[PDB]
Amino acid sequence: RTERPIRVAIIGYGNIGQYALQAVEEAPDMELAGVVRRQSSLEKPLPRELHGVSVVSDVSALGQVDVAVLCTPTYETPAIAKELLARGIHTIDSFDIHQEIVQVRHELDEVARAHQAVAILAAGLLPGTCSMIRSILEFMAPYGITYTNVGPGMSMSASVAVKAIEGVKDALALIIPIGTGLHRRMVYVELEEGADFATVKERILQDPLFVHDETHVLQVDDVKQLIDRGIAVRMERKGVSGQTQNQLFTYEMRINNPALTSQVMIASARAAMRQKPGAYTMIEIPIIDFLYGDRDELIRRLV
């Protein structure tokens, strides 16, 4: 629909990558350049939805690539981003280690500026659009407290951490809100042949991830039967606007986690094409840059 469509490559074909495929297809200003996978994954049978899709091991085999959408594991992502920025390719990621965002942002900023590229990081569900809402609440009521309650949903960094433990064949870890920003964790574990529940319970409950947090552990026959990739996020702020107390704000979403996250990353890919070289979180970009359409028509429709 646009003259020269944006050519988007998907790096890593996991949960995020599969939904990102659909988001790129629906994007009227974008066309799929291809999917980049590990060589090991290239040797498994080709997924049925990737028929007619260029699936390679390096971005150089896909021709021109405007933006790379990084659907890779968290710890693997900054290094992959730096590599692609250095090739002059824009990068979108949903890096979700909050304490490392400032540092990672600086490192990507320097590489991006050196190669006339734009990196948008932490552009997912949380961090991402929830961060944008959170920041808007902040300046509407500067004094007060915001509570971010991550509703019942799967934590895939906690699930694989419970899987690496001695005695667990498979595991599902859930993040559960208990109010005022506090969270409870519940772990469903499929045990190995002949391991006892009582000990493996005490190795998860004393694992560094679940010692200072309230944690419940249950043994189940099939953890795969319990998996659903939906999640909820509820944010509350009670604050002061100017000098007037008791301003009340509530934001809630009930969404498919990877579907939404991939959509935000695709919308951010659109925004990346409109920025000066550098690295940005989502609160550093005009909201209109994430939207497709004529500027005046968007203002007429939304403002």
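Numbers for residues come from their place in the sequence shown, where the first is 1.
- Averaged over CA atoms, B-factors in the entry run higher in 38-46 than in the other of 263-271 and 38-46.
- Mean CA temperature factor is higher for 192-200 when stretches 192-200 and 120-128 are set side by side in the entry.
- If you compare the C-alpha temperature factors of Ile92, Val111, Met140, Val211 in the entry, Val211 comes out highest.
- Among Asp207, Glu83, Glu107, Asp228, the highest C-alpha B-factor recorded in the PDB entry belongs to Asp207.
- In the PDB entry, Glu25 places in the lowest third of its chain by CA B-factor.
- When the modelled residues of the chain are ordered by their C-alpha B factor, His98 lands in the middle third.
- For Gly181, the recorded CA B-factor ranks within the lowest third of the chain. Only modelled residues enter the ranking.
- In the PDB entry, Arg254 places in the middle third of its chain by CA B-factor.
- When the modelled residues of the chain are ordered by C-alpha B-factor, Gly167 sits in the highest third.
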